[PDB]
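fold the following and give me the result.
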Amino acid sequence: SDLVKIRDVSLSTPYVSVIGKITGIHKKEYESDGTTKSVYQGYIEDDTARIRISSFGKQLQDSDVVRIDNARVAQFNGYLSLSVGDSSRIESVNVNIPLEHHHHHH
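Residues are numbered from 1 along each chain as shown. What follows is the structure:
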């Protein structure tokens, strides 16, 4: 459940923590144990690349910067994505943290 980059997401790390902004919120429903449950899907990006995400029960906000802890990696439609269950934790980032000179990538 350590902090890793989106491009570093793989099955080798079932539990991982990521931070970025979620965009394009999509709503979908599926049958869970015979009970219909709502799940939100969207895309998240950071300083590296972007990946698909899926949240069960918890809602997501467009272009909202949040941090996901204990995320579960899974393959959907042959595509890797992070699944946020009720056991995972989501923390919003309302405090700025620039530091250092972002003018040069070096």
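
which stretches of this structure form strands?
15-32, 35-45, 50-56, 64-76, 79-84, 89-92 (DSSP state E).

kindly state the beta-bridge partners for the residue lying closest to residue 81 once chain neighbours are set aside.
Nearest residue to residue 81, sequence neighbours excluded (Cβ to Cβ, 6 or more residues apart in numbering): residue 52, at 4.0 Å. Placement of C-beta: from N, CA and C, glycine included. Note on residue 52: beta-bridge partners residue 43, residue 81, judged by DSSP bridges.

any chance of a markdown table for the strands of the chain, columns mean neighbour count and distance to residue 8?
Converted to a markdown table, these look like this (neighbours: other Cβ atoms under 10 Å; distance: least, Cβ to Cβ, whole Å):
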| stretch | mean neighbour count | distance to residue 8 |
| --- | --- | --- |
| strand 15-32 | 15 | 8 |
| strand 35-45 | 15 | 14 |
| strand 50-56 | 18 | 10 |
| strand 64-76 | 16 | 10 |
| strand 79-84 | 17 | 11 |
| strand 89-92 | 12 | 20 |
